[PDB]
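Worksheet: one structure, shown below.
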Amino acid sequence: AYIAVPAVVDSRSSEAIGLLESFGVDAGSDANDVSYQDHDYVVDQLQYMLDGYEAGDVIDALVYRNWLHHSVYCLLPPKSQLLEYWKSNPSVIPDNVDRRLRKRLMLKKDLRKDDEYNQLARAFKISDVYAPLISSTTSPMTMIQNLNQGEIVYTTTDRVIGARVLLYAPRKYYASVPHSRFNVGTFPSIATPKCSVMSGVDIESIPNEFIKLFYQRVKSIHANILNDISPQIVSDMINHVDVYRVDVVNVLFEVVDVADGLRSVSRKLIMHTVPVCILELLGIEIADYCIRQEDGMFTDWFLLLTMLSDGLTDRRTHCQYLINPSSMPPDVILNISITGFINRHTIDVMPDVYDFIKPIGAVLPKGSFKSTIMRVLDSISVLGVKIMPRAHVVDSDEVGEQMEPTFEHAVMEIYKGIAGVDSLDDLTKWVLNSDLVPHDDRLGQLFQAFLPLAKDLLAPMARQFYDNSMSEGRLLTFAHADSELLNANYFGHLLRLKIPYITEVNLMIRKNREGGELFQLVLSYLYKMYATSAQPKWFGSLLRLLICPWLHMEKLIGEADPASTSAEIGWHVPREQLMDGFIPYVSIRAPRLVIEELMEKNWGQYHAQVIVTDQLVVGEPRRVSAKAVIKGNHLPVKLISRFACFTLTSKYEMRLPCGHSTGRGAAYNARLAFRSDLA
Amino acid sequence: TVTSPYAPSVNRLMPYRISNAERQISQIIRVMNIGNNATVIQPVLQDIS
Amino acid sequence: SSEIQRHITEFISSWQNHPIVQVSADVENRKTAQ
Amino acid sequence: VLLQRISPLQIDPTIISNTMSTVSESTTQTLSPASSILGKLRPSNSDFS
Amino acid sequence: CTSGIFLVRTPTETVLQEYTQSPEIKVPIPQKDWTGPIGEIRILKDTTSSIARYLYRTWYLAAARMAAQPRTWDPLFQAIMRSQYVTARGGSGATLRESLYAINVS
Amino acid sequence: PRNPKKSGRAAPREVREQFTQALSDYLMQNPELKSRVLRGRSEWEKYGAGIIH
Amino acid sequence: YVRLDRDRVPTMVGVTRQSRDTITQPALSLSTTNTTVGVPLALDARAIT
């Protein structure tokens, strides 16, 4: 038998990870008959072969492979070096080769200029000697056919796909498996009657993007002849822990209005890739739930779910939904009822944009729940780590509040430029009519005045504020539009974000804000008009990274020794220059065997000017604030491998638990240095 | 040349044959899509080339 | 304030009144691929 | 404005923009007739005062 | 009779004065004139009321007519365009190297 | 000429061969260019062998 | 392919996708509810010759 899965299957590691409990199969037992297959090199060959050929030809060829039929290529050097190898060590010559050619190669002459051997080599071709010879222009369908029928195939090129490539001659003449009745691996085929494909995982959620292309192309042409089997059917047929790889499903639920004992389904939705660990933690299963529980504010485990995922779309009309944040009708979600779970798979929580250790700027619209998400995020501290303290995050209003006329006060006086308004309430009435969605022309006349305030005041103030903030440690900073972080030249990762709710209603729900609620809302419209359209991309994309890796590591280092499983890596200054103390800058947490490996890495080729001060901090541990400015290069994440759970924010500060006296401050030209205990 | 078996079989099902009116209606729809653009039809000629 | 809550309900209704199926871009690469 | 608020007729320019393309390409020297009339009638997002 | 001197200033002043300038866009494209995402890109709705539609049309027609030419599909043109920018002048190969290093490739 | 003609400093054979080979691999990357040039070389050694070295 | 007489030279090809009026029969409404299709395509006399 043979089964194909949407994932890169390997015979070494895929047994360790399993992949079958991954996709949701109950293979767990003394099964030892589901033998995997090596498709790493096959994916690499597919990528290399799409470079020259066409995707349709390559995929429609590779689909007709009999993966349970062992075979192999072996490439020949070109004709010249081939003949050189025929000559030297001549007792390997196939008998097809011409009698004259063999009789002339068996001679010990220099072969400098043999008048007849030159002709005999000119009229010699490789294709006649070795029978199955693929081509330099094979037009690959015969490649897969010849791999299907036979044991060895002879190529004169490297662009081949289907099996491994073996060398024919020694390296000089070139330039620079048992079955188990339940074989599995990627790349479905239709070679036999027993090839099956495991359904249950959507096509748009496949993460590899080459397996994804292969599946799309094969499933749009061979839909009616493929054998689909779900994870339950596969289960019935059968019957250095990596962090940042989490299992995700999505929840199927509908809205219910249980008034006076009469159930009434109202709407059906899909939560779109909440991670499985959070559903396990919160104890979510098939039952009814109330998602407010008091005073019309969400119960906040529901808020955590909605903020840890992508967004929910209606199942009737396949479009996004954006559930209502208020508690006023027409639409109010007060009671839901989860009904099932569909496609499960792993994803890489580490975004590709994040490779170096640097600050993070998360742009959100105005009316989002930034305050409540901060209140909910500052509490988590898994292994005594405090993954996101409240002091490491920069509020969105801070850069505008630090001005003599603050920014919002500066824009409140904008009604003087209009032809005639005479008051802020008349401005809010002249802009949007008797609901939101203001008049676009009037909003444009207002934006032409709002813009110079944002380009001439806010940008110059922010260009200094973000520098001052970057000096004193990594911080997670928010904003109301990417243009704020782009005009003011912001350093760090620029993550746009978005929330699954209607943010414009929060601007009416919240009361005690400067100016009327209508003014806050018009201000949000102006920021949204100053936005430079680009994909906001689902706020949960960040919170999933923030939370998920720690929960997994808590299973591995839940009970080990804190001294043996810990570390900290900061800027070092020698015991002199007191006219040793290091600023932390990072706090690693990982098993002992990886701390041993991190203990020996360089960590010293990274420099920065640390400027210690003499100011005291109200916090308990007696410590003095400091600063630091990296010079040359930034710490890449590869050093802190995928097996440790580090922190993303940190303040710069030094503790002084010896001879308490703060003298004069200074700059010292620190050097990075690993700092753990004995372990 | 292509080959086909000659022996008792196990009753396959392959629904491919269709009538002429369906082919003609599909052709009319394809033409009314492709009509009057020349960018929809350039790649077909290149492929035949 | 009841006028204000009337405004809120009117905006939520108008937000629910969105279109479901709307092709507003240009479809020519899709025609060629079709 | 009173007529515009009373009238059921809503003028969306997704009919002109849907029955014909603005990038139809014949005689690659210049603009095609379809592209020409669309550029001469940008359909709308504006007032039909 | 006007002076012909080569004006000079510190590099950190050029980079901090020139590169801080940003566009002053007084009538932006409305957010409701972009379709959903296609990877990293959104498309102008054909019923846009902006002035960017003529820009979009010009670049669209140019791209179509460029790609339609059969010359742009042989290996020779591909190779010429590849070798057009392989010169003996610097290209900041360092940061390329130490950025490839960050994903464990030699 | 009035410019110092930069002579080759006699780099090692192994690393220089590897460098030039990787550079050639970068130039002729697809099978079609390589097939064209190899067919040209074969036809030259069949016919043009002797008029040019 | 008409060789050299005007009378058999095709001057349009059109498709219909709806009727026109109270009338009902396609053979009657087809002459006035059609859309012309087709578009030229340049070539190179040098290359061909």
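Note that the chains take the letters A, B, C, D, E, F and G in the order they are written out, and that residue 1 is the start of every chain.
Rule of thumb we're sticking to: a residue touches a chain if its C-beta (ideal position, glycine included) is under 8 Å from a C-beta of that chain, and two chains touch if they have at least 3 such contacts.
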item: Chains touching both chain B and chain F; value: E
item: Any chain that touches chain G and chain E; value: B, D
item: Of B-G and C-E, whichever chain pair has more C-beta contact pairs; value: B-G
item: Chain whose mean Cα position lies farthest from chain B; value: F
item: Most widely separated chain from chain A, with each centre as the mean of CA atoms; value: G
item: Centroid distance [mean C-alpha coordinates] between chain F and chain D, Å; value: 59
item: Separation of mean Cα positions, chain G and chain F [Å, integer]; value: 57
item: Distance between the centres, which are taken as Cα means, of chain C and chain B, whole angstrom; value: 39
item: Chain centre separation in whole Å, for chain E relative to chain A (CA means); value: 26
item: Where chain E touches two or more other chains at once, by residue number; value: 30, 46-47, 64, 68
item: Junction residues of chain G, two or more chains touched; value: 39-40
item: Per-residue multi-chain contacts in chain A, two or more chains; value: none
item: Complete list of chain pairs which touch one another; value: A-C, A-E, A-F, B-C, B-D, B-E, B-G, C-D, C-E, D-E, D-G, E-F
item: Partner chain C, residues of chain D touching it in the complex; value: 14, 17-18, 21-23
item: In the complex with chain C, residue positions of chain E that touch it; value: 35, 43-47
item: In the complex with chain F, residue positions of chain A that touch it; value: 51-52, 78, 122, 136-137, 157, 159, 175-176
item: Touch list for chain D against partner chain G, complex; value: 26-28
item: Complex interface listing, chain C residues touching chain A; value: 4-5, 7-16, 20-21
